[PDB]
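Keep in mind that the numbers below use all heavy atoms, side chains included, and drop hydrogens, waters and symmetry copies. Quick note on labels: first sequence line is chain A, next is B, and so on, each numbered from 1.
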Amino acid sequence: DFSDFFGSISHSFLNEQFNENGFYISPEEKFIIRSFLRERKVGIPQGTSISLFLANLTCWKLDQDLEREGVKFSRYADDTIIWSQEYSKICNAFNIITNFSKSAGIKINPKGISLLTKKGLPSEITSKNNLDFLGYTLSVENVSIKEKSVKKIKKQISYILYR
Amino acid sequence: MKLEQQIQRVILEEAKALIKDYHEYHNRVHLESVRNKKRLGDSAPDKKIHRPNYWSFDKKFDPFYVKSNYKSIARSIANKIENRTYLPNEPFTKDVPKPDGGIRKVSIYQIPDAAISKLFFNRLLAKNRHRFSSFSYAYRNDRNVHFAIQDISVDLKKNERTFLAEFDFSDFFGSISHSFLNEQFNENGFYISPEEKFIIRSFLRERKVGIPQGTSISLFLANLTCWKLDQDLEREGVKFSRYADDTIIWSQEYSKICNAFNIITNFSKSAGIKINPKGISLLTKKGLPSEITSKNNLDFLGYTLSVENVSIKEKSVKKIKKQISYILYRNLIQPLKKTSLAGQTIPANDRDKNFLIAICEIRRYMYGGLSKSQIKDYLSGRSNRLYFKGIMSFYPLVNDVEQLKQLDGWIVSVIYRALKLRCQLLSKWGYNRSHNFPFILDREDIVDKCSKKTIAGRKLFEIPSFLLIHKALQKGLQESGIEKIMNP
Amino acid sequence: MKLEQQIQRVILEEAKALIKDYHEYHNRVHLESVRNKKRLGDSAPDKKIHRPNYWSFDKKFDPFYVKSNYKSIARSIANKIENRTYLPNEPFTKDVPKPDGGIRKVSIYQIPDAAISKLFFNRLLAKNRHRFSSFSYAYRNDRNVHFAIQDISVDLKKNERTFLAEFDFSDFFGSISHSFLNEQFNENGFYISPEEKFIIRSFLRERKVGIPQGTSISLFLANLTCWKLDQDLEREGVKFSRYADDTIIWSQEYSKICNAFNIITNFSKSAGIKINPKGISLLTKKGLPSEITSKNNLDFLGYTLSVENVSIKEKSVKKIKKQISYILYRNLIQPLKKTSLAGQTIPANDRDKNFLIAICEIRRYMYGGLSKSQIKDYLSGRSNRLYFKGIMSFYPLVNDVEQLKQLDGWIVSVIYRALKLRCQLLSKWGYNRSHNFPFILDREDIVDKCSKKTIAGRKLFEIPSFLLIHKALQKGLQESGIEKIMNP
Amino acid sequence: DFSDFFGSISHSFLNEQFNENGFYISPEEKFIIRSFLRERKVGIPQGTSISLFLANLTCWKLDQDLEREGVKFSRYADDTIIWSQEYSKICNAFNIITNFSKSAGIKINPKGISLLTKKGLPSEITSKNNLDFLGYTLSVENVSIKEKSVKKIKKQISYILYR
RNA sequence: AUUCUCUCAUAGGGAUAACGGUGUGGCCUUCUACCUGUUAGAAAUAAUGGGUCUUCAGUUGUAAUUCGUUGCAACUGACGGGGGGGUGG
RNA sequence: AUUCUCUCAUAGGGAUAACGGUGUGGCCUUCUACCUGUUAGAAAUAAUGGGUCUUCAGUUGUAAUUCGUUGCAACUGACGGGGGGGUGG
């Protein structure tokens with residue numbers, strides 16, 4: 001959960017990233033970024049036109065480190081899922097997020113670490129059969145709708161009939 | 001040495017071995033029918049010499065027919081191999097229900113086909129032994145599997161932690177593409193001659209998909225098929241053993257076992273058929289806890305291997321107890337539970353022949369018929385060789401004194417209880433023998449009394465003890481190794 | 001089977017083998033002296049039958065004395081072992097200069113001590129074979145080292161990048177604490193009996209520091225001291241082979257080789273004595289470049305192994321050339337370079353007996369005496385067995401057609417040049433034979449003419465060809481494996 | 001150099017990749033791919049509208065393995081450059097390319113491997129100061145035009161004046 | 001004496017000339033394509049004395065094919081280095 | 001006929017009653033501590049018919065010790081389960 005990261009990230013760190021990773025930011029664009037940040041005081045506004053760019057600009061080194069490790073990841077809003085085929089890789093990814101939290105001055109906390117396997121086969125570490133990702137129950141055998149989303153569908157159909 | 005002569009020799013020796021086994025079978029049946037007549041009197045069932053059913057499914061399943069015309073069979077087989085038209089006849093297949101809920105499909109080839117399989121695939125296994133992994137066995141009763149057990153036992157004792165995992169290759173060998181097999185023919189330095197390639201392809205063509213399991217060709221084809229899996233697991237650094245269609249992989253690191261799972265699936269996808277675990281656990285000391293799903297002791301082929309010792313699996317202990325208890329029941333209760341005791345010697349004069357027969361049957365089952373003087377002579381140095389037969393021979397690596405001590409107690413207790421029931425039944429039939437020798441001893445005296453009893457100058461009443469033969473087995477392992485004591 | 005009888009059998013068999021070798025030695029010396037008389041006429045040296053020097057340093061180095069009183073020797077040795085006072089006598093030690101600049105200290109024990117060493121350490125090696133590594137050899141002429149070579153060859157062909165490193169364990173075995181060796185006596189599931197421990201400790205007490213090298217006890221003690229190094233390297237995932245005091249470790253990863261270096265460093269510390277590399281390199285295809293200090297081909301025990309092929313080491317090719325060239329020189333030039341050619345048959349009538357002797361000597365050295373018809377029958381299927389003797393038998397894995405083709409050309413050229421010099425020398429002595437058969441053929445005709453020539457119905461002029469016997473060796477490897485062709 | 005790989009890649013391997021890596025290939029698209037391949041016999045046509053897709057479909061597992069290792073790579077036409085900040089990673093990349101080569105039935109050969117450092121600092125392995133990448137001499141200090149490209153510019157200007 | 005035999009035997013005693021091996025050739029027998037005189041013989045062959053090739057790769061035709069491949073032609077592609085000094089294309 | 005023998009032989013022909021094995025005991029011979037009658041016998045033993053222990057761990061003394069350990073006493077510490085129902089400490 002990167003919610004608190006974007007709630008309070010030092011704008012000085014954001015500014016340090018303005019000239020990294022080959023980002024092409026023009027002087028007027030830097031003024032507009034700094035103005036929208038000056039309106040705020042700490043953190044990036046979330047759910048806005050400026051959220052994606054500023055989030056990518058602050059987390060570019062985290063993305064590079066996770067890609068060097070070899071783990072695959074996805075950041076949706078203030079949520080980040082990192083998956084790998086190796087336990088060591090995920091542990092090293094945890095270490096990367098920990099280091100990035102320190103370099104940013106604000107911490108990132110897990111929702112934490114699990115193993116996804118076939119339904120029949122057992123597991124070593126705290127494990128679940130299926131992950132729940134954005135309205136999907138993803139399993140090794142199939143992709144289905146999350147039970148919450150199925151409840152929502154049932155609610156709408158049932159209320160249509162009731163009404 | 002021409003191929004026809006070689007086939008002749010192989011077919012004839014296989015046929016003669018089967019004939020000798022059947023001759024010994026019916027001779028044993030007769031001797032046992034004589035003893036059972038003495039035991040059950042007039043109620044003794046009559047003899048019934050059976051011949052194996054598959055002998056009639058095809059005449060060439062029959063040892064006697066093959067011996068009748070092994071020269072013609074070898075002639076034609078050699079001609080068919082030279083002309084590259086030989087194709088093995090269908091084997092007898094019986095589907096046996098595996099306890100795990102699966103199905104093991106046995107295949108009994110005909111004597112000519114089995115002989116050809118042995119002649120060629122023993123050669124290929126010998127010629128390519130160094131290319132194969134260490135602990136690869138085609139049967140789960142193979143004498144060499146204990147070497148694998150030893151390794152894991154050693155590792156368990158030494159390693160602070162031993163992660164283990166298990167896999168079922170049953171479906172892999174049930175349906176592996178024969179084209180994948182053929183792709184492996186020229187890899188990993190395997191020396192497979194053109195005629196050997198023809199025989200491999202012929203035995204595979206007889207099948208359609210998969211490798212026959214429990215056969216002379218099983219080990220070689222499995223090793224040839226799994227050579228890249230073995231190489232990847234060895235590059236990772238995990239240790240593994242494949243016995244029949246089961247594979248155990250153990251390591252000292254969790255990450256290594258995880259990567260081994262990944263390797264098995266890369267291999268599964270490349271082979272077109274999946275391999276499923278039975279799955280993964282951590283083995284630690286009994287006192288210490290675990291972070292992952294864990295068990296204290298693994299069960300590996302009749303052994304409960306723990307970080308503290310090697311013992312017999314509780315299923316195997318149950319089997320031992322079943323056999324000993326039925327020995328006593330057959331010789332001391334069943335005859336007295338018949339409608340009539342006619343022709344059955346009733347114990348008298350402080351002598352029970354039934355009890356001697358039972359004690360001797362237990363001694364054969366456990367020691368192999370050894371005297372405690374023989375075992376003690378070996379344990380002392382007086383004698384330099386003690387044959388190791390019986391049930392303990394199949395558990396050479398057990399080092400659990402407590403288990404053997406408990407089984408000693410159980411043997412004594414069951415002897416006492418069965419003797420008490422024999423006395424009770426005898427008294428119902430109207431033969432009071434409680435005061436006599438075999439029925440008067442208290443449990444805490446049986447051993448002692450029977451140790452002192454002597455017949456023909458030999459102490460044939462001594463209650464057999466697992467711990468004595470365990471002492472001898474440990475000494476014999478430290479003096480001769482596993483291979484020299486599991487067969488003389 | 002009492003220990004005294006066992007020692008008796010072993011000592012007698014060793015003494016008898018040495019006696020048979022000496023008898024064959026002096027018989028060979030006589031036959032060769034007769035032939036050399038025929039070759040060099042009156043100038044021929046006189047025979048000189050030598051007896052090995054070490055036979056006199058102690059009477060028990062002499063096979064004949066040991067055979068004289070092997071019963072008393074066995075009696076006393078058995079009594080000393082039972083009373084645990086046996087101590088082997090000092091061995092004969094000669095320090096040979098290793099080409100790398102080091103010194104290899106060979107040890108020749110006396111026949112009794114060598115017999116005891118074999119009796120006990122062969123038993124220990126057999127009983128603990130599964131606890132040892134795969135490619136561990138005590139001599140650099142052991143027939144099984146080729147399996148290790150095969151492995152690396154396969155890896156080199158399949159891997160792109162095969163990082164290799166080499167290590168010299170010479171000083172490790174020259175001075176390894178015997179206390180460390182003793183610490184390993186109860187590890188890795190090694191089954192060492194108390195008497196075997198006494199014999200190990202006795203052979204070590206006879207020494208003071210280190211393991212004797214090139215002996216019956218070298219392999220076992222080396223495996224026992226390096227068992228943890230082997231386990232660590234196998235856990236890392238690197239593959240390795242120890243031949244004598246040489247260890248090659250190869251991997252497909254640079255990190256793995258570096259971690260292997262770290263392992264050897266740690267093992268050196270735990271043993272109290274250091275192990276030094278010869279060091280670290282990358283083996284790649286010839287065309288492709290490299291990062292780190294790299295070489296196209298490694299040189300491993302008479303083989304130049306490359307990613308593209310396996311060939312004979314240039315030193316070994318030099319040795320082959322030396323022997324062939326000296327065969328021709330001895331039979332065709334040296335006799336004619338003597339002061340007097342008295343008693344030497346001068347070639348005439350289009351027959352040169354010297355050339356026949358030389359061609360047959362080269363054929364024995366190369367083929368083992370085979371005819372090209374024999375080899376072609378094996379290559380065709382007409383004949384099902386071809387004995388593999390000669391120099392090529394020591395290089396069963398060569399697959400470099402170009403090298404063998406170049407050596408074929410070199411043989412023909414040297415035959416031509418030596419014959420031309422023989423003609424010139426003969427003409428100096430006053431015997432013009434240039435027009436005669438053995439001195440008229442042009443180089444580009446020798447083979448052909450010599451192929452057609454026949455004597456006694458057998459073609460004994462055919463110029464031996466490495467490539468024909470290479471075809472045969474490849475077929476025999478694909479039909480019988482390495483073990484079956486390096487010894488019949 | 002992937003020139004030989006595209007010159008002779010088994011069309012059966014290509015077809016094996018048709019249902020991997022979540023590729024959405026419709027039945028008629030599969031027919032058109034197979035038809036253009038049937039017109040050829042072995043290999044993918046290079047420099048064509050179908051080249052990029054067939055190359056990506058055929059090398060998808062090489063890309064996945066190289067990304068799991070953590071190396072970064074770019075395939076331009078029949079050339080592939082793989083760079084990393086670790087030597088071990090590049091070595092493992094070589095190993096990956098060859099596992100792919102064996103699985104594809106045709107070999108991929110390097111042009112091969114070097115280390116790029118600052119001009120002043122030395123190197124341990126065979127090294128060059130600047131790589132030449134598509135008309136660029138890329139150095140740790142700057143990006144410039146390749147001397148061949150500068151020669152072309154000079155040729156054109158000089159011939160303008162000469163003409 | 002390196003043979004044979006005794007000593008509570010890694011050493012000492014005796015008694016006899018033997019013991020242990022090597023090359024050649026013979027029989028036995030393991031496997032060995034084809035063409036031939038000339039000896040036997042009723043075409044069944046045997047010992048003999050002369051000769052030829054025998055391997056690998058690809059292409060194409062054909063038959064099988066469990067789609068890994070396999071039997072047969074029949075065409076060419078290799079199947080006996082390198083170096084020094086002159087010399088022609 | 002499962003024996004013996006013929007067929008260009010995974011199949012078919014013939015001819016004879018044999019072939020192939022098992023338990024017990026006997027000799028041969030591999031290894032086997034000690035104490036004993038009673039048979040032989042001049043104390044050298046042999047076959048016989050009765051009996052005892054024979055293993056592991058630690059402590060201590062002693063001898064060797066290349067400092068891993070090893071031979072010998074001699075003291076105790078284990079060396080034949082578990083469960084159900086009552087019952088004493």
Side-chain angles (χ1 to χ4, degrees), chain B residues 1-3 6 82 123-124 126-131 133-135 144 146-155 157-158 186-197 228 231-239 251-253 256 381 384-385 397 474-484, chain C residues 1-3 6 82 123-124 126-131 133-135 144 146-151 153-155 157-158 186-197 228 231-239 251-253 256 381 384-385 397 474-485:
Chain B
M1 182 40 25
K2 314 180 57 56
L3 167 60
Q6 294 185 212
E82 284 191 346
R123 270 209 290 251
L124 292 125
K127 173 171 40 160
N128 306 313
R129 193 177 82 261
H130 303 87
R131 307 314 309 164
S133 325
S134 298
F135 305 133
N144 298 351
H146 299 257
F147 292 115
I149 289 145
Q150 179 180 9
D151 207 336
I152 322 159
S153 305
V154 177
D155 268 332
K157 219 79 190 323
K158 176 182 29 53
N186 274 333
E187 296 221 42
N188 206 56
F190 293 132
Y191 296 119
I192 311 177
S193 80
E195 171 156 324
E196 282 147 4
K197 286 192 170 193
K228 219 270 208 293
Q231 204 210 357
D232 298 39
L233 289 170
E234 273 164 18
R235 271 169 28 106
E236 188 55 314
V238 299
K239 295 214 280 293
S251 191
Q252 318 177 177
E253 309 174 7
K256 266 170 162 37
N384 77 341
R385 41 198 201 70
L397 304 167
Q474 300 279 96
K475 173 145 171 306
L477 272 181
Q478 213 81 6
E479 184 127 325
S480 307
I482 304 171
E483 191 105 77
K484 248 51 171 316
Chain C
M1 188 33 90
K2 283 210 36 48
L3 167 60
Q6 294 186 212
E82 292 188 352
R123 263 209 281 281
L124 270 176
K127 173 171 40 160
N128 306 313
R129 104 186 56 238
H130 303 87
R131 307 314 309 163
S133 306
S134 298
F135 305 133
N144 298 351
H146 299 256
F147 292 114
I149 288 145
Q150 178 181 9
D151 207 70
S153 305
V154 177
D155 286 2
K157 197 68 164 58
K158 148 181 58 50
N186 241 329
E187 312 282 2
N188 206 56
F190 293 133
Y191 283 149
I192 311 177
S193 80
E195 162 162 24
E196 286 170 334
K197 286 192 170 193
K228 249 284 279 193
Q231 219 173 43
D232 277 47
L233 289 170
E234 262 187 37
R235 254 172 28 94
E236 199 32 282
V238 300
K239 284 210 282 203
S251 191
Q252 215 182 357
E253 309 174 7
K256 266 170 163 37
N384 56 356
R385 41 198 201 70
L397 304 167
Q474 288 294 285
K475 170 172 178 285
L477 272 181
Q478 294 288 342
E479 184 127 325
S480 307
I482 304 171
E483 188 135 48
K484 247 57 194 63
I485 83 172

Most heavy-atom pairs under 4.5 angstrom with chain B, which of C:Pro194, C:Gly381, C:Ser193? C:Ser193
At what distance, to the nearest 0.5 angstrom, does NZ of B:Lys127 lie from NZ of C:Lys484? 11.5 Å
Region of B:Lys256 in contact with chain C, defined by heavy-atom distances below 4.5 Å: side chain
The interface call for B:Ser480 against chain C, heavy-atom contacts under 4.5 Å, is backbone
So which part of B:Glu234 gets closer than 4.5 Å to some heavy atom of chain C, the side chain, the backbone, both or neither? backbone
Atom group of B:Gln478 that falls short of 4.5 Å from chain C, counting heavy atoms: both
Segment of B:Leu3 engaging chain C (4.5 angstrom heavy-atom cut-off): neither
Tell me, with the steps shown, if C:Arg129 and B:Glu483 meet side-chain contact (heavy atoms from CB on, under 4.5 Å). CA-CA 11 Å; C:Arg129 104 186 56 238; B:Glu483 191 105 77; 5.6 Å; no
Among C:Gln252, C:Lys239, C:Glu195, C:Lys2, which residue has the highest count of heavy-atom pairs closer than 4.5 Å to chain B? C:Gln252
Below 4.0 angstrom, N of the basic side chain to O of the carboxylate: do C:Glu187 and B:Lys158 qualify? no
Select one option (side chain, backbone, both, neither) describing which atoms of B:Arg123 are under 4.5 Å from chain C's heavy atoms. neither
So for B:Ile192, is it side chain, backbone, both, or neither that comes closer than 4.5 Å to the heavy atoms of chain C? backbone
Side chain, backbone, both or neither: which part of C:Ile485 has an atom under 4.5 Å from a heavy atom of chain B? neither
How many angstroms lie between atom CG of B:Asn144 and atom NE2 of C:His130, to the nearest 0.5 angstrom? 5.5 Å
First locate atom CZ of B:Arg235, then atom CG of C:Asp155, and finally report the distance between them rounded to the nearest 0.5 Å. 9.5 Å
Is there a donor-acceptor pair closer than 3.5 Å between any side-chain N or O of C:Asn384 and the backbone N or O of B:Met1? yes
Ranking C:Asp151, C:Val154, C:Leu233 by heavy-atom pairs under 4.5 Å to chain B gives rank one to C:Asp151
Evaluate the side-chain proximity of C:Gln150 to B:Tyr191: yes if any heavy-atom separation is below 4.5 Å, no if none is. yes
More than 12 heavy atoms of other residues, nucleotides or ligands under 6.0 Å from NZ of B:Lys197: yes or no? yes
